[PDB]
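To start, the structure itself, in structure tokens.
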Amino acid sequence: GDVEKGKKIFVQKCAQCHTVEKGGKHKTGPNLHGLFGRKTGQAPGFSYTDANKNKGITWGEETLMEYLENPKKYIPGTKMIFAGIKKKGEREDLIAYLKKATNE
Amino acid sequence: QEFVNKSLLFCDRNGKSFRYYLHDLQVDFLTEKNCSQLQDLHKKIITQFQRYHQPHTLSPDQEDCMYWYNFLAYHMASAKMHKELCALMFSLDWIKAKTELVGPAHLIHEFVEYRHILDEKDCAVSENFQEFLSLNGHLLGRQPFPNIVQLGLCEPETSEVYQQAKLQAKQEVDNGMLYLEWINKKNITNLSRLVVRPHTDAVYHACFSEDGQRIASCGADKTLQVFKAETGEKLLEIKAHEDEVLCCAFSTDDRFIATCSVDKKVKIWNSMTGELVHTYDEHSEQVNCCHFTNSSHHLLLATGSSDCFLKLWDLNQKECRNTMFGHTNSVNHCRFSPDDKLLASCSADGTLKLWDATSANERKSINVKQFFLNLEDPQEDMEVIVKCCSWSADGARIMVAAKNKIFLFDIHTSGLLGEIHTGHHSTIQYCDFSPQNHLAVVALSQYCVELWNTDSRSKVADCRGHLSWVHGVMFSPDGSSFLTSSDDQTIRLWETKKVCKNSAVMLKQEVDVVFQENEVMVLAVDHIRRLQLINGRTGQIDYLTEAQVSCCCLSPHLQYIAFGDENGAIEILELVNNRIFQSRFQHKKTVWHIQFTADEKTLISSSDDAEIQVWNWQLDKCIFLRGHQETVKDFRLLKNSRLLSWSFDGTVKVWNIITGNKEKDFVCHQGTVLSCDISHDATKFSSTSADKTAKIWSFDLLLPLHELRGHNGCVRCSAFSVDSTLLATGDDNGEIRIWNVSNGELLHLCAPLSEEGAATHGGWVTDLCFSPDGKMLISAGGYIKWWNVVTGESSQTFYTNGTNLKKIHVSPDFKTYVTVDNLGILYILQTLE
Ligand code: HEM
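Shown next, in the form of structure tokens:
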């Protein structure tokens, strides 16, 4: 995916609920720093739904590709209000940006 | 200049201009000295003006252009010429000009203030104008601009504004203008009292001045905007922060307004000038809660943040009076009790803390363990996360909500006084307690807002009002009314007494339309259980009952009704004999697209998985189209027995119905496929457009015939013309481009925007419908605007009440129109004869 295109998508559709940098505050949604390689619902200090905390998968390119296409379908009961991103390419770009931004 | 030279007049030299004025006392003197000559002067300049320029002629190019709109009504009123005041202000032309030159708030203020000035009938009319004006103020100050004249046609028949505008429309000949009559206008739209949109960006916090005179709001626009509660006239434009402003609040006296933001600074501004007065910054994280002491006796400022510390600031100083530590998690909210000595802190960790501001020491800690829920979940009892925390009238009690229950805690005993169970079992995200009737407004989740009567512990009403997630709700300073604000950045004022009442006026957004030739039926999800099929143009409400279906589908030749469910399985009920039904279990996720074959038998369905189900009901035979794609995005029956389907894989396959057989296989995109359309005629051509380009094909070849590369920003949607020869595509911004289907070319970009001169379209497009003529393209989106194919527009008229129209269903007569906006308002439109 194209990191720059993904940055635009993140800013437009995610930033209002999520920060990606280390130490970034939790907002409506949890801070995403360290996302890749971590299990669902493990960011300290954020009140996740039990649905999220119990999904039990590890965040990575593949799990994110599915989750972002339709959040509610992948994690029934999630309190994340987001319809999903239909275009495969757009999800690829966004995930490429997340891979970088949540690890710097 | 001589008057000024004699101290009779003051002069504010505006550069090259000379704006003359009097001081307050200087005016008061003549006010008393002069008598009846003043009314003669009022009446005189009215006639004299008209002898020279008409007040409607009066263009903004004049110097006195706004003068006459700001003062002519004042002159007539002062003159006590209520007949002239009536003639002046009861006019959509007068309103139009005044609102395009001056603005609608002053106007509204006059229609209110003049209620005691006008005659009885006139007041009744002016009240129609008071409601009329609530319609606008959306488009005013922005593009496009409202046509105040035509706006009148949206008023109720009862309304004088309608009767006047409608009769006038009838009087004025051939005005192509084209208007629609909304047949059941009277049954739909539960019009709220007031619509306010204070920010262009996300709104984060808003509140009433203590006086109730003005409303301050702040948000992602990084500024503080304060406007008069009465009129909406903007009072303060203060560029408070360098980063998004998280919350803001009034001081005791409304003399200061403090803002706290992402920049982690606490800034107290003089509400008068907006200059920085006090500034504080000790928190490590972004500040979550800032609140002034309530009483003017002690001057303390409480703040709390994600850094889990509390800071008590002495307003008398530049420094923190005491840092308070002791929460186990982040602090979400904090409030001073009416008793300036007690500070209550609410946090994520499910504890309420009572702090003694006198000693700055923790007094008592309430562990909110009162919600007892023992789940099978191996983890400990349901952890309680407290949300909204509001004070009782007493100040000794805090009404909180958490989990599934509303609790009343006494801060002095640290005991529990009341326990109310709320709607089903979810998590209350936001809430507040009404000072009257022991009502509580609980925004449970996903903009479901339930009004409950606590103590009585009974649900009162389902408060509907926004499609988007409700961000905040707050009460008027009287407590006689309240307003809700959502992600749709729309503030709607509601009368509590009205909210307590039940209503069938508006429908849920989940609706659909079936035109049966001469008649039209509207399918709409019922307020509670299942759904009502309402035959329009008659009362005939046919309620169907069920386990709560998710979607319905009618078979060809009817005689069968099919419906999907969250389970994925579909059940088909025979309509000839309602005891016979078939259902064959399939699909893991909620079923998606559902559609019968050309024949009345066999149902094809798809879902989130990789296969398309061919369900031969009655026999319950399952034939699967093993596409083995990430997910079947959608499909549609083609004219022949071929079946068009696509995934997000950038693929479009063509199968056979009944028996899956992928005859053709197109790989058009590099990503998400959003819909696909056919040439209608036959099926000679079919094309796609999705986050890329628009490729078109003939089916014969496995590869597409031509790629329309026109949009670099990536095309979003497309649709063929009705058989003509055109293919329309929609861009990210809703720019519609018309392409001619002759192998492929560069045809005109018609996207009329601008453009208040006649209405810009709002932007974006949700649906396209070519006129039967093939000459016009009806574009739907914020509202319906008729464009002209290849250059030009057309009917600029008929502004819809809501926005984000979902699917336009045009009657086969092309005489009536049925659609639904984002508010779930049913549009039953008949072309005005
Ligand atoms: C496309 C943009 C977005 C992306 C990529 C995204 C991604 C994520 C991810 C990966 C998680 C799981 C974190 C974890 O398990 O630690 C998450 C959780 C969450 N997100 Fe988002 N998010 C987006 C937009 C939003 C928006 C717009 C909202 C709010 C309206 C939101 C609200 C939430 C919430 C509330 C959670 C926690 C949910 C729960 O506990 O069930 N997200 N998001």
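Protein sequences, first through last, are from chains H and A.
According to the deposited numbering, the first sequence holds residues 1 to 104 in order.
According to the deposited numbering, the second sequence holds residues 416 to 1248 in order.
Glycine included, C-beta positions come from ideal geometry on N, C-alpha and C.
Any non-hydrogen atom of the ligand HEM closer than 6 Å to residue i Cβ
i: A:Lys733; result: no
i: H:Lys73; result: no
i: H:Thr49; result: yes
i: H:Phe82; result: yes
i: H:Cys14; result: yes
i: H:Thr40; result: yes
i: H:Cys17; result: yes
i: H:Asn52; result: yes
i: H:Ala43; result: yes
i: H:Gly29; result: yes
i: A:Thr842; result: no
i: H:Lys79; result: yes
Local Cβ density within 10 Å of residue i, reported as buried at 16 or more and exposed below that
i: A:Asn1158; result: exposed
i: A:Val1069; result: buried
i: A:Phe1185; result: buried
i: A:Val991; result: exposed
i: H:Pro44; result: exposed
i: A:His490; result: buried
i: A:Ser451; result: exposed
i: A:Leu1162; result: buried
i: A:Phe444; result: exposed
i: H:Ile85; result: buried
i: A:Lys1036; result: exposed
i: residue 388 of chain A; result: Shown here, chain A extends from 416 to 1248; a query on residue 388 of chain A therefore has no answer.
Cβ-Cβ separation, residue j to residue i (assumed contact under 8 Å), whole Å
i: A:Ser998; j: A:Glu986; result: 4 Å
i: A:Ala763; j: A:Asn776; result: No, A:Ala763 and A:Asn776 are not in contact; Cβ-Cβ is about 22 Å, not under 8 Å.
i: A:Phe671; j: A:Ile653; result: Incorrect: roughly 12 Å between the Cβ atoms, too far for contact.
i: H:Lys100; j: H:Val11; result: So it is not a contact: roughly 14 Å between Cβ atoms.
i: A:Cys804; j: A:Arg750; result: 7 Å
i: A:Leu1244; j: A:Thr1231; result: 6 Å
i: A:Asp722; j: A:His698; result: 5 Å
i: A:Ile835; j: A:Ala759; result: No, A:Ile835 and A:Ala759 are not in contact; Cβ-Cβ is about 20 Å, not under 8 Å.
i: A:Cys1129; j: A:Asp1106; result: 5 Å
>> Please identify, using Cβ separations under 7 Å, the residues of the region 1053-1073 of chain A that lie next to chain H, in order along the chain.
In response: Residues passing the 7 Å Cβ filter: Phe1063, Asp1064 and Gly1065.
>> Against chain H, which members of the region 687-706 of chain A pass a CB distance test of less than 7 Å?
In response: Near chain H, meaning a CB-to-CB distance below 7 Å, the residues of the region 687-706 of chain A are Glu700 and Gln701.
> For the region 1144-1162 of chain A, which residues have a beta carbon sitting closer than 9 Å to at least one beta carbon of chain H?
Replying inline: Answer set for the region 1144-1162 of chain A: empty.
>> Using 8 Å as the cut-off, can you tell me whether the region 508-523 of chain A makes contact with the region 463-477 of chain A, which would need three or more C-beta pairs spanning the two stretches below that distance?
In response: The region 463-477 of chain A and the region 508-523 of chain A touch, with three or more beta-carbon pairs separated by less than 8 Å.
> Do the region 969-977 of chain A and the region 36-52 of chain H make contact, defined as three or more Cβ pairs closer than 8 Å?
Replying inline: No: fewer than three Cβ pairs fall under 8 Å.
> Taking any Cβ of chain A, which residues in the region 69-90 of chain H have a Cβ under 8 Å from it, in chain order?
Replying inline: Residues of the region 69-90 of chain H with a Cβ closer than 8 Å to any Cβ of chain A, in chain order: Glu69, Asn70, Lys73, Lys79, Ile81, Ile85, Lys86, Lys87, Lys88, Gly89 and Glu90.
> Counting pairs of beta carbons, one from the region 1021-1039 of chain A and one from the region 994-1009 of chain A, are three or more of them closer than 8 Å?
Replying inline: The region 1021-1039 of chain A, when compared against the region 994-1009 of chain A, does touch it at the 8 Å Cβ threshold.
> Below 8 Å, can you find three or more Cβ-Cβ pairs linking the region 1103-1122 of chain A to the region 1065-1080 of chain A?
Replying inline: The answer is yes - the region 1065-1080 of chain A touches the region 1103-1122 of chain A, with three or more Cβ pairs under 8 Å.
>> Under 8 Å: do the region 913-926 of chain A and the region 615-632 of chain A share three or more Cβ pairs, one atom per stretch?
In response: Because the criterion of three Cβ pairs below 8 Å is not met, the region 913-926 of chain A and the region 615-632 of chain A do not touch.
> Closer than 7 Å, Cβ to any Cβ of chain A: which residues of the region 33-56 of chain H, in chain order?
Replying inline: Within the region 33-56 of chain H, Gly45, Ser47 and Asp50 place their CB atoms closer than 7 Å to a CB of chain A, listed in sequence order.
>> Short of 8 Å Cβ to Cβ, which residues in the region 11-28 of chain H face chain A?
In response: Within the region 11-28 of chain H, the residues whose Cβ lies closer than 8 Å to some Cβ of chain A are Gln16, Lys25 and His26, listed in chain order.
>> Tell me which residues of the region 604-635 of chain A have at least one Cβ-Cβ distance to chain H shorter than 7 Å, keeping chain order.
In response: Close to chain H, meaning a Cβ-Cβ distance shorter than 7 Å, are the following residues of the region 604-635 of chain A: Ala617.
>> Counting beta carbon pairs with one atom in the region 1193-1211 of chain A and one in the region 1162-1180 of chain A, are three or more of them shorter than 8 Å?
In response: In short, these stretches touch, since the Cβ pair count reaches three.
>> Using a Cβ-Cβ cutoff of 9 Å, what residues of the region 519-552 of chain A are near chain H? List them in chain order.
In response: Residues of the region 519-552 of chain A with a Cβ closer than 9 Å to any Cβ of chain H: none.
>> Output needed in chain order: residues of the region 442-470 of chain A with a Cβ under 9 Å from some Cβ in chain H.
In response: If the cut-off is 9 Å between Cβ atoms, the region 442-470 of chain A has nothing near chain H.
> Given a limit of 7 Å on CB to CB distance, which residues of the region 1083-1112 of chain A reach chain H?
Replying inline: Only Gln1085, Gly1086, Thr1087, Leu1089, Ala1105 and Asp1106 from the region 1083-1112 of chain A bring a Cβ to less than 7 Å from some Cβ of chain H.
> Using Cβ-Cβ distances below 9 Å, what residues of the region 797-813 of chain A are close to chain H?
Replying inline: Here the close residues are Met797, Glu798 and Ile800.
>> Tell me which residues of the region 861-881 of chain A have at least one Cβ-Cβ distance to chain H shorter than 8 Å, keeping chain order.
In response: Answer set for the region 861-881 of chain A: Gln861.
> For the region 766-799 of chain A, which residues have a beta carbon sitting closer than 7 Å to at least one beta carbon of chain H?
Replying inline: Taking a C-beta cut-off of 7 Å against chain H, the contacting residues of the region 766-799 of chain A are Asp792, listed in chain order.
> Which of the residues in the region 994-1027 of chain A, read from start to end, lie with their CB under 7 Å from any CB of chain H?
Replying inline: Cβ contacts with chain H: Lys1004 and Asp1023.
>> Using 8 Å as the cut-off, can you tell me whether the region 795-811 of chain A makes contact with the region 751-760 of chain A, which would need three or more C-beta pairs spanning the two stretches below that distance?
In response: With a cut-off of 8 Å, the region 751-760 of chain A and the region 795-811 of chain A count as touching, because enough Cβ pairs lie within range.
> Taking one C-beta from the region 902-910 of chain A and one from the region 948-966 of chain A each time, how about it: are there three or more such pairs within less than 8 Å?
Replying inline: No, they do not touch.
> Just by C-beta distance, which residues in the region 1160-1184 of chain A are closer than 8 Å to chain H?
Replying inline: Of all residues in the region 1160-1184 of chain A, none has a Cβ within less than 8 Å of some Cβ in chain H.
> Are there three or more Cβ pairs, one per stretch, closer than 8 Å when the region 556-569 of chain A is compared with the region 1200-1216 of chain A?
Replying inline: Contact between the region 556-569 of chain A and the region 1200-1216 of chain A is present, because at least three Cβ pairs lie under 8 Å.
> Does the region 482-499 of chain A come within contact of the region 606-613 of chain A, defined as at least 3 CB pairs closer than 8 Å?
Replying inline: Short answer: they don't touch.
> Got a sec: which bits of the region 713-725 of chain A sit with their beta carbon under 8 Å from any beta carbon on chain H, in order along the chain?
Replying inline: Against chain H - using a Cβ distance shorter than 8 Å - the residues of the region 713-725 of chain A are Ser721.
>> Under 8 Å: do the region 850-863 of chain A and the region 883-896 of chain A share three or more Cβ pairs, one atom per stretch?
In response: Taking 8 Å as the limit for Cβ pairs, the verdict is that the region 883-896 of chain A does touch the region 850-863 of chain A.
> Taking Cβ-Cβ distances below 8 Å as the criterion, which residues of the region 721-753 of chain A are in contact with chain H?
Replying inline: Within the region 721-753 of chain A, the residues whose Cβ lies closer than 8 Å to any Cβ of chain H are, in chain order, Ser721, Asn744 and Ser745.
> What residues in the region 1187-1205 of chain A bring their beta carbon closer than 8 Å to a beta carbon of chain H?
Replying inline: Listed by position along the chain: nothing, the set is empty.
> Quick one, which residues of the region 882-897 of chain A are near chain H if we go by CB-CB under 8 Å, in chain order?
Replying inline: Against chain H - using a Cβ distance shorter than 8 Å - the residues of the region 882-897 of chain A are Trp884.
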